[PDB]
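Take a look at the structure set out below.
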Amino acid sequence: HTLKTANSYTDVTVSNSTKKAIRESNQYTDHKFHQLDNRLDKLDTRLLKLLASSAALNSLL
Amino acid sequence: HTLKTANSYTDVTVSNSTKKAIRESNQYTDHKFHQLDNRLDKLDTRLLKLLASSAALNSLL
Amino acid sequence: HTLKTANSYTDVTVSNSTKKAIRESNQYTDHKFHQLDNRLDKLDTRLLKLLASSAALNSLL
């Protein structure tokens, strides 16, 4: 029928758009994962050095 | 009409798919929230210890 | 045709719903960006002070 066909054009087309919204909304999640994951690696290295020196201190006494 | 019906099959079906893309794109946001929120709790505890010891140091003089 | 019209009601309507799922799934990403970005600025300031004092220590010897 013209229904069946319209109806299954919606089916196909919607299914491809769930898929699209997901792919893209994940992609922006991963933009800002990559953006705070960076500010962390930089805190971890600044803190690494802090543990280094304070191992050096404990050891002088 | 056959329009009205097709048209409102699209209505129903699309509305359920906005809903789906959201639910899932939130769910992946929460996968990677849970994944960096962890690396933080581990920096906070490593830093907690650093504050502990440096309270101990200040106090020795 | 009634197809063409139904078909292009789906077209319009779906396109507006990709757009919606995105806008909203980005908006929740930005809710929880803003929420861990905060816990970081608070670790950076707690750590700033730690670098301050340990510059003071190195300098006393």
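Each chain in the structure tokens gets a letter, A, B, ..., in the order shown, and its residues are numbered from 1; ligands are numbered from 1 in order too.
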
Can you list every residue of chain B that has an atom at most 7 Å from chain A, with its nearest atom pair and the distance in Å to one decimal, using only C-alpha atoms, ordered by chain then number, as JSON lines?
{"residue": "B:2", "atom": "CA", "partner": "A:3", "partner_atom": "CA", "distance": 6.3}
{"residue": "B:6", "atom": "CA", "partner": "A:3", "partner_atom": "CA", "distance": 5.9}
{"residue": "B:9", "atom": "CA", "partner": "A:7", "partner_atom": "CA", "distance": 6.9}
{"residue": "B:10", "atom": "CA", "partner": "A:10", "partner_atom": "CA", "distance": 6.2}
{"residue": "B:14", "atom": "CA", "partner": "A:14", "partner_atom": "CA", "distance": 6.6}
{"residue": "B:17", "atom": "CA", "partner": "A:18", "partner_atom": "CA", "distance": 6.0}
{"residue": "B:21", "atom": "CA", "partner": "A:18", "partner_atom": "CA", "distance": 5.4}
{"residue": "B:25", "atom": "CA", "partner": "A:22", "partner_atom": "CA", "distance": 5.7}
{"residue": "B:28", "atom": "CA", "partner": "A:26", "partner_atom": "CA", "distance": 6.9}
{"residue": "B:29", "atom": "CA", "partner": "A:29", "partner_atom": "CA", "distance": 6.1}

- line: Between CA of residue 46 (chain A) and CA of residue 35 (chain C) lies a distance of 22.3 Å

Onto chain A, please fit chain B by least squares using all C-alpha atoms in order, then return the transformed chain as a PDB file with N, CA, C and O atoms, in the first residue's frame.
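As a result, out-v5.pdb now contains:
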ATOM      1  N   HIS B   1       0.893  -1.171   0.000  1.00  0.00           N
ATOM      2  CA  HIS B   1       0.000   0.000   0.000  1.00  0.00           C
ATOM      3  C   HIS B   1       0.926   1.215   0.000  1.00  0.00           C
ATOM      4  O   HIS B   1       2.147   1.077   0.038  1.00  0.00           O
ATOM      5  N   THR B   2       0.340   2.394  -0.123  1.00  0.00           N
ATOM      6  CA  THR B   2       1.025   3.648  -0.004  1.00  0.00           C
ATOM      7  C   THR B   2       1.387   3.898   1.454  1.00  0.00           C
ATOM      8  O   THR B   2       2.331   4.612   1.718  1.00  0.00           O
ATOM      9  N   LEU B   3       0.595   3.357   2.383  1.00  0.00           N
ATOM     10  CA  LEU B   3       0.910   3.391   3.797  1.00  0.00           C
ATOM     11  C   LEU B   3       2.159   2.597   4.018  1.00  0.00           C
ATOM     12  O   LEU B   3       3.169   3.174   4.320  1.00  0.00           O
ATOM     13  N   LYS B   4       2.077   1.281   3.840  1.00  0.00           N
ATOM     14  CA  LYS B   4       3.201   0.361   3.982  1.00  0.00           C
ATOM     15  C   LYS B   4       4.503   0.979   3.520  1.00  0.00           C
ATOM     16  O   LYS B   4       5.508   0.839   4.177  1.00  0.00           O
ATOM     17  N   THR B   5       4.486   1.632   2.369  1.00  0.00           N
ATOM     18  CA  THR B   5       5.685   2.177   1.765  1.00  0.00           C
ATOM     19  C   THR B   5       6.112   3.442   2.500  1.00  0.00           C
ATOM     20  O   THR B   5       7.282   3.642   2.766  1.00  0.00           O
ATOM     21  N   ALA B   6       5.160   4.317   2.786  1.00  0.00           N
ATOM     22  CA  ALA B   6       5.487   5.504   3.505  1.00  0.00           C
ATOM     23  C   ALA B   6       6.016   5.017   4.845  1.00  0.00           C
ATOM     24  O   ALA B   6       7.122   5.367   5.253  1.00  0.00           O
ATOM     25  N   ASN B   7       5.220   4.183   5.503  1.00  0.00           N
ATOM     26  CA  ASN B   7       5.533   3.670   6.808  1.00  0.00           C
ATOM     27  C   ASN B   7       6.917   3.062   6.883  1.00  0.00           C
ATOM     28  O   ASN B   7       7.613   3.210   7.870  1.00  0.00           O
ATOM     29  N   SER B   8       7.361   2.435   5.822  1.00  0.00           N
ATOM     30  CA  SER B   8       8.626   1.784   5.901  1.00  0.00           C
ATOM     31  C   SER B   8       9.796   2.633   5.327  1.00  0.00           C
ATOM     32  O   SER B   8      10.986   2.284   5.419  1.00  0.00           O
ATOM     33  N   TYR B   9       9.443   3.772   4.758  1.00  0.00           N
ATOM     34  CA  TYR B   9      10.377   4.820   4.498  1.00  0.00           C
ATOM     35  C   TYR B   9      10.720   5.496   5.818  1.00  0.00           C
ATOM     36  O   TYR B   9      11.831   5.908   5.992  1.00  0.00           O
ATOM     37  N   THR B  10       9.750   5.644   6.717  1.00  0.00           N
ATOM     38  CA  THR B  10       9.959   6.222   8.035  1.00  0.00           C
ATOM     39  C   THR B  10      10.814   5.270   8.841  1.00  0.00           C
ATOM     40  O   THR B  10      11.851   5.657   9.340  1.00  0.00           O
ATOM     41  N   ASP B  11      10.382   4.024   8.958  1.00  0.00           N
ATOM     42  CA  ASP B  11      11.233   2.994   9.488  1.00  0.00           C
ATOM     43  C   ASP B  11      12.705   3.149   9.062  1.00  0.00           C
ATOM     44  O   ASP B  11      13.524   3.525   9.870  1.00  0.00           O
ATOM     45  N   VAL B  12      13.046   2.909   7.801  1.00  0.00           N
ATOM     46  CA  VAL B  12      14.447   3.053   7.334  1.00  0.00           C
ATOM     47  C   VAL B  12      15.072   4.359   7.789  1.00  0.00           C
ATOM     48  O   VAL B  12      16.112   4.342   8.399  1.00  0.00           O
ATOM     49  N   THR B  13      14.425   5.477   7.494  1.00  0.00           N
ATOM     50  CA  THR B  13      14.985   6.806   7.652  1.00  0.00           C
ATOM     51  C   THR B  13      15.261   7.165   9.113  1.00  0.00           C
ATOM     52  O   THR B  13      16.274   7.769   9.412  1.00  0.00           O
ATOM     53  N   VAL B  14      14.359   6.777  10.011  1.00  0.00           N
ATOM     54  CA  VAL B  14      14.475   7.009  11.446  1.00  0.00           C
ATOM     55  C   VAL B  14      15.621   6.179  12.019  1.00  0.00           C
ATOM     56  O   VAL B  14      16.468   6.694  12.743  1.00  0.00           O
ATOM     57  N   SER B  15      15.657   4.901  11.671  1.00  0.00           N
ATOM     58  CA  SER B  15      16.719   4.027  12.103  1.00  0.00           C
ATOM     59  C   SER B  15      18.104   4.590  11.793  1.00  0.00           C
ATOM     60  O   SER B  15      19.015   4.392  12.560  1.00  0.00           O
ATOM     61  N   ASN B  16      18.255   5.263  10.660  1.00  0.00           N
ATOM     62  CA  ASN B  16      19.521   5.869  10.258  1.00  0.00           C
ATOM     63  C   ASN B  16      19.833   7.151  11.008  1.00  0.00           C
ATOM     64  O   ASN B  16      20.904   7.705  10.872  1.00  0.00           O
ATOM     65  N   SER B  17      18.867   7.628  11.770  1.00  0.00           N
ATOM     66  CA  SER B  17      18.950   8.912  12.424  1.00  0.00           C
ATOM     67  C   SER B  17      19.081   8.758  13.925  1.00  0.00           C
ATOM     68  O   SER B  17      19.632   9.613  14.570  1.00  0.00           O
ATOM     69  N   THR B  18      18.515   7.709  14.490  1.00  0.00           N
ATOM     70  CA  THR B  18      18.939   7.285  15.787  1.00  0.00           C
ATOM     71  C   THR B  18      20.475   7.163  15.654  1.00  0.00           C
ATOM     72  O   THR B  18      21.205   8.012  16.149  1.00  0.00           O
ATOM     73  N   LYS B  19      20.939   6.162  14.907  1.00  0.00           N
ATOM     74  CA  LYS B  19      22.352   5.959  14.577  1.00  0.00           C
ATOM     75  C   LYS B  19      23.216   7.213  14.431  1.00  0.00           C
ATOM     76  O   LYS B  19      24.379   7.190  14.792  1.00  0.00           O
ATOM     77  N   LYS B  20      22.660   8.287  13.883  1.00  0.00           N
ATOM     78  CA  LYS B  20      23.433   9.504  13.557  1.00  0.00           C
ATOM     79  C   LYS B  20      23.612  10.382  14.781  1.00  0.00           C
ATOM     80  O   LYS B  20      24.732  10.778  15.089  1.00  0.00           O
ATOM     81  N   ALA B  21      22.504  10.655  15.468  1.00  0.00           N
ATOM     82  CA  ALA B  21      22.487  11.356  16.743  1.00  0.00           C
ATOM     83  C   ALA B  21      23.399  10.691  17.767  1.00  0.00           C
ATOM     84  O   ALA B  21      24.089  11.366  18.508  1.00  0.00           O
ATOM     85  N   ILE B  22      23.382   9.374  17.825  1.00  0.00           N
ATOM     86  CA  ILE B  22      24.273   8.673  18.698  1.00  0.00           C
ATOM     87  C   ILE B  22      25.711   8.960  18.260  1.00  0.00           C
ATOM     88  O   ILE B  22      26.367   9.780  18.879  1.00  0.00           O
ATOM     89  N   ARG B  23      26.182   8.354  17.172  1.00  0.00           N
ATOM     90  CA  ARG B  23      27.523   8.624  16.627  1.00  0.00           C
ATOM     91  C   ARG B  23      28.060  10.038  16.887  1.00  0.00           C
ATOM     92  O   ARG B  23      29.235  10.174  17.155  1.00  0.00           O
ATOM     93  N   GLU B  24      27.217  11.068  16.799  1.00  0.00           N
ATOM     94  CA  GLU B  24      27.673  12.464  16.920  1.00  0.00           C
ATOM     95  C   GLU B  24      27.721  12.971  18.354  1.00  0.00           C
ATOM     96  O   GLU B  24      28.514  13.855  18.687  1.00  0.00           O
ATOM     97  N   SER B  25      26.842  12.428  19.182  1.00  0.00           N
ATOM     98  CA  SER B  25      26.710  12.857  20.547  1.00  0.00           C
ATOM     99  C   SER B  25      27.717  12.115  21.404  1.00  0.00           C
ATOM    100  O   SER B  25      27.985  12.514  22.534  1.00  0.00           O
ATOM    101  N   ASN B  26      28.229  11.016  20.860  1.00  0.00           N
ATOM    102  CA  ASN B  26      29.341  10.278  21.411  1.00  0.00           C
ATOM    103  C   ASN B  26      30.614  10.993  21.044  1.00  0.00           C
ATOM    104  O   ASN B  26      31.470  11.202  21.876  1.00  0.00           O
ATOM    105  N   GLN B  27      30.705  11.390  19.786  1.00  0.00           N
ATOM    106  CA  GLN B  27      31.826  12.150  19.248  1.00  0.00           C
ATOM    107  C   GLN B  27      32.150  13.460  19.955  1.00  0.00           C
ATOM    108  O   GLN B  27      33.281  13.899  19.920  1.00  0.00           O
ATOM    109  N   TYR B  28      31.143  14.103  20.525  1.00  0.00           N
ATOM    110  CA  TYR B  28      31.310  15.350  21.282  1.00  0.00           C
ATOM    111  C   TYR B  28      31.627  15.029  22.747  1.00  0.00           C
ATOM    112  O   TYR B  28      32.352  15.755  23.413  1.00  0.00           O
ATOM    113  N   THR B  29      31.084  13.923  23.236  1.00  0.00           N
ATOM    114  CA  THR B  29      31.486  13.398  24.510  1.00  0.00           C
ATOM    115  C   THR B  29      32.984  13.119  24.437  1.00  0.00           C
ATOM    116  O   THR B  29      33.707  13.439  25.365  1.00  0.00           O
ATOM    117  N   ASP B  30      33.455  12.570  23.325  1.00  0.00           N
ATOM    118  CA  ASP B  30      34.863  12.224  23.207  1.00  0.00           C
ATOM    119  C   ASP B  30      35.751  13.422  22.912  1.00  0.00           C
ATOM    120  O   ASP B  30      36.958  13.350  23.060  1.00  0.00           O
ATOM    121  N   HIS B  31      35.147  14.526  22.497  1.00  0.00           N
ATOM    122  CA  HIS B  31      35.884  15.778  22.310  1.00  0.00           C
ATOM    123  C   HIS B  31      36.267  16.277  23.680  1.00  0.00           C
ATOM    124  O   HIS B  31      37.439  16.511  23.934  1.00  0.00           O
ATOM    125  N   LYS B  32      35.265  16.411  24.549  1.00  0.00           N
ATOM    126  CA  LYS B  32      35.442  16.847  25.924  1.00  0.00           C
ATOM    127  C   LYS B  32      35.934  15.760  26.921  1.00  0.00           C
ATOM    128  O   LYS B  32      36.207  16.078  28.051  1.00  0.00           O
ATOM    129  N   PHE B  33      36.043  14.496  26.520  1.00  0.00           N
ATOM    130  CA  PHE B  33      36.778  13.516  27.318  1.00  0.00           C
ATOM    131  C   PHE B  33      38.245  13.856  27.150  1.00  0.00           C
ATOM    132  O   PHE B  33      38.928  14.184  28.125  1.00  0.00           O
ATOM    133  N   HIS B  34      38.697  13.783  25.893  1.00  0.00           N
ATOM    134  CA  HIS B  34      40.019  14.210  25.422  1.00  0.00           C
ATOM    135  C   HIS B  34      40.457  15.578  25.960  1.00  0.00           C
ATOM    136  O   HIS B  34      41.641  15.875  25.961  1.00  0.00           O
ATOM    137  N   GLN B  35      39.519  16.422  26.378  1.00  0.00           N
ATOM    138  CA  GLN B  35      39.857  17.771  26.822  1.00  0.00           C
ATOM    139  C   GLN B  35      40.052  17.919  28.327  1.00  0.00           C
ATOM    140  O   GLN B  35      40.697  18.861  28.768  1.00  0.00           O
ATOM    141  N   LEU B  36      39.475  17.021  29.115  1.00  0.00           N
ATOM    142  CA  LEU B  36      39.680  17.045  30.559  1.00  0.00           C
ATOM    143  C   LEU B  36      40.661  15.958  30.992  1.00  0.00           C
ATOM    144  O   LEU B  36      41.290  16.081  32.024  1.00  0.00           O
ATOM    145  N   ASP B  37      40.750  14.901  30.190  1.00  0.00           N
ATOM    146  CA  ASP B  37      41.704  13.795  30.313  1.00  0.00           C
ATOM    147  C   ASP B  37      43.123  14.358  30.179  1.00  0.00           C
ATOM    148  O   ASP B  37      44.064  13.825  30.753  1.00  0.00           O
ATOM    149  N   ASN B  38      43.258  15.445  29.422  1.00  0.00           N
ATOM    150  CA  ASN B  38      44.512  16.166  29.243  1.00  0.00           C
ATOM    151  C   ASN B  38      44.921  16.945  30.480  1.00  0.00           C
ATOM    152  O   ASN B  38      46.065  16.883  30.895  1.00  0.00           O
ATOM    153  N   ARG B  39      43.978  17.697  31.040  1.00  0.00           N
ATOM    154  CA  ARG B  39      44.195  18.505  32.227  1.00  0.00           C
ATOM    155  C   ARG B  39      44.474  17.626  33.439  1.00  0.00           C
ATOM    156  O   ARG B  39      44.983  18.090  34.473  1.00  0.00           O
ATOM    157  N   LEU B  40      44.131  16.352  33.316  1.00  0.00           N
ATOM    158  CA  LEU B  40      44.417  15.418  34.363  1.00  0.00           C
ATOM    159  C   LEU B  40      45.840  14.911  34.250  1.00  0.00           C
ATOM    160  O   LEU B  40      46.532  14.914  35.245  1.00  0.00           O
ATOM    161  N   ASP B  41      46.277  14.483  33.058  1.00  0.00           N
ATOM    162  CA  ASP B  41      47.634  13.951  32.823  1.00  0.00           C
ATOM    163  C   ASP B  41      48.687  14.969  33.238  1.00  0.00           C
ATOM    164  O   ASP B  41      49.829  14.613  33.516  1.00  0.00           O
ATOM    165  N   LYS B  42      48.290  16.237  33.222  1.00  0.00           N
ATOM    166  CA  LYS B  42      49.128  17.355  33.597  1.00  0.00           C
ATOM    167  C   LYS B  42      49.125  17.620  35.095  1.00  0.00           C
ATOM    168  O   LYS B  42      50.009  18.299  35.597  1.00  0.00           O
ATOM    169  N   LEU B  43      48.120  17.111  35.796  1.00  0.00           N
ATOM    170  CA  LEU B  43      48.057  17.188  37.252  1.00  0.00           C
ATOM    171  C   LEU B  43      48.774  16.038  37.916  1.00  0.00           C
ATOM    172  O   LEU B  43      49.172  16.144  39.059  1.00  0.00           O
ATOM    173  N   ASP B  44      48.829  14.927  37.194  1.00  0.00           N
ATOM    174  CA  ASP B  44      49.420  13.649  37.568  1.00  0.00           C
ATOM    175  C   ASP B  44      50.935  13.655  37.491  1.00  0.00           C
ATOM    176  O   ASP B  44      51.591  12.768  38.014  1.00  0.00           O
ATOM    177  N   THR B  45      51.457  14.604  36.727  1.00  0.00           N
ATOM    178  CA  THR B  45      52.858  14.700  36.411  1.00  0.00           C
ATOM    179  C   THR B  45      53.398  15.742  37.322  1.00  0.00           C
ATOM    180  O   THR B  45      54.523  15.638  37.721  1.00  0.00           O
ATOM    181  N   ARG B  46      52.574  16.741  37.631  1.00  0.00           N
ATOM    182  CA  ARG B  46      52.863  17.786  38.598  1.00  0.00           C
ATOM    183  C   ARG B  46      52.828  17.203  39.987  1.00  0.00           C
ATOM    184  O   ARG B  46      53.420  17.729  40.915  1.00  0.00           O
ATOM    185  N   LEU B  47      52.104  16.114  40.133  1.00  0.00           N
ATOM    186  CA  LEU B  47      51.925  15.489  41.412  1.00  0.00           C
ATOM    187  C   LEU B  47      52.945  14.406  41.547  1.00  0.00           C
ATOM    188  O   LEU B  47      53.272  14.026  42.649  1.00  0.00           O
ATOM    189  N   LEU B  48      53.416  13.885  40.422  1.00  0.00           N
ATOM    190  CA  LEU B  48      54.428  12.844  40.412  1.00  0.00           C
ATOM    191  C   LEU B  48      55.709  13.395  41.002  1.00  0.00           C
ATOM    192  O   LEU B  48      56.429  12.691  41.703  1.00  0.00           O
ATOM    193  N   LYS B  49      55.992  14.640  40.635  1.00  0.00           N
ATOM    194  CA  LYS B  49      57.181  15.348  41.000  1.00  0.00           C
ATOM    195  C   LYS B  49      57.094  15.653  42.469  1.00  0.00           C
ATOM    196  O   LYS B  49      58.083  15.543  43.173  1.00  0.00           O
ATOM    197  N   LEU B  50      55.896  15.987  42.935  1.00  0.00           N
ATOM    198  CA  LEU B  50      55.651  16.219  44.352  1.00  0.00           C
ATOM    199  C   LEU B  50      55.885  14.993  45.203  1.00  0.00           C
ATOM    200  O   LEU B  50      56.234  15.126  46.352  1.00  0.00           O
ATOM    201  N   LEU B  51      55.661  13.807  44.664  1.00  0.00           N
ATOM    202  CA  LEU B  51      55.867  12.584  45.424  1.00  0.00           C
ATOM    203  C   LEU B  51      57.343  12.249  45.432  1.00  0.00           C
ATOM    204  O   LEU B  51      57.883  11.779  46.445  1.00  0.00           O
ATOM    205  N   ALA B  52      57.995  12.514  44.297  1.00  0.00           N
ATOM    206  CA  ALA B  52      59.428  12.347  44.142  1.00  0.00           C
ATOM    207  C   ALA B  52      60.117  13.148  45.235  1.00  0.00           C
ATOM    208  O   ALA B  52      60.729  12.565  46.103  1.00  0.00           O
ATOM    209  N   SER B  53      59.968  14.470  45.227  1.00  0.00           N
ATOM    210  CA  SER B  53      60.653  15.284  46.202  1.00  0.00           C
ATOM    211  C   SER B  53      60.352  14.943  47.631  1.00  0.00           C
ATOM    212  O   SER B  53      61.232  15.031  48.459  1.00  0.00           O
ATOM    213  N   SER B  54      59.138  14.518  47.931  1.00  0.00           N
ATOM    214  CA  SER B  54      58.796  14.235  49.313  1.00  0.00           C
ATOM    215  C   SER B  54      59.238  12.828  49.714  1.00  0.00           C
ATOM    216  O   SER B  54      59.202  12.449  50.877  1.00  0.00           O
ATOM    217  N   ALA B  55      59.657  12.038  48.746  1.00  0.00           N
ATOM    218  CA  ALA B  55      60.345  10.804  49.077  1.00  0.00           C
ATOM    219  C   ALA B  55      61.769  11.177  49.468  1.00  0.00           C
ATOM    220  O   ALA B  55      62.307  10.587  50.355  1.00  0.00           O
ATOM    221  N   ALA B  56      62.345  12.156  48.775  1.00  0.00           N
ATOM    222  CA  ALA B  56      63.684  12.689  49.029  1.00  0.00           C
ATOM    223  C   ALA B  56      63.807  13.317  50.404  1.00  0.00           C
ATOM    224  O   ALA B  56      64.793  13.106  51.066  1.00  0.00           O
ATOM    225  N   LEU B  57      62.779  14.053  50.825  1.00  0.00           N
ATOM    226  CA  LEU B  57      62.693  14.654  52.158  1.00  0.00           C
ATOM    227  C   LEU B  57      62.623  13.649  53.273  1.00  0.00           C
ATOM    228  O   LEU B  57      63.423  13.719  54.169  1.00  0.00           O
ATOM    229  N   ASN B  58      61.652  12.738  53.243  1.00  0.00           N
ATOM    230  CA  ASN B  58      61.529  11.663  54.270  1.00  0.00           C
ATOM    231  C   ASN B  58      62.841  10.931  54.551  1.00  0.00           C
ATOM    232  O   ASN B  58      63.073  10.444  55.649  1.00  0.00           O
ATOM    233  N   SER B  59      63.657  10.840  53.510  1.00  0.00           N
ATOM    234  CA  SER B  59      64.848  10.035  53.467  1.00  0.00           C
ATOM    235  C   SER B  59      66.033  10.788  54.064  1.00  0.00           C
ATOM    236  O   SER B  59      66.965  10.180  54.573  1.00  0.00           O
ATOM    237  N   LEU B  60      66.005  12.112  54.000  1.00  0.00           N
ATOM    238  CA  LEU B  60      67.039  12.889  54.645  1.00  0.00           C
ATOM    239  C   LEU B  60      66.938  12.801  56.184  1.00  0.00           C
ATOM    240  O   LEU B  60      67.869  13.154  56.887  1.00  0.00           O
ATOM    241  N   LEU B  61      65.818  12.287  56.695  1.00  0.00           N
ATOM    242  CA  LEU B  61      65.665  11.966  58.118  1.00  0.00           C
ATOM    243  C   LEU B  61      64.878  10.683  58.356  1.00  0.00           C
ATOM    244  O   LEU B  61      65.324   9.601  57.984  1.00  0.00           O
TER     245      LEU B  61
END
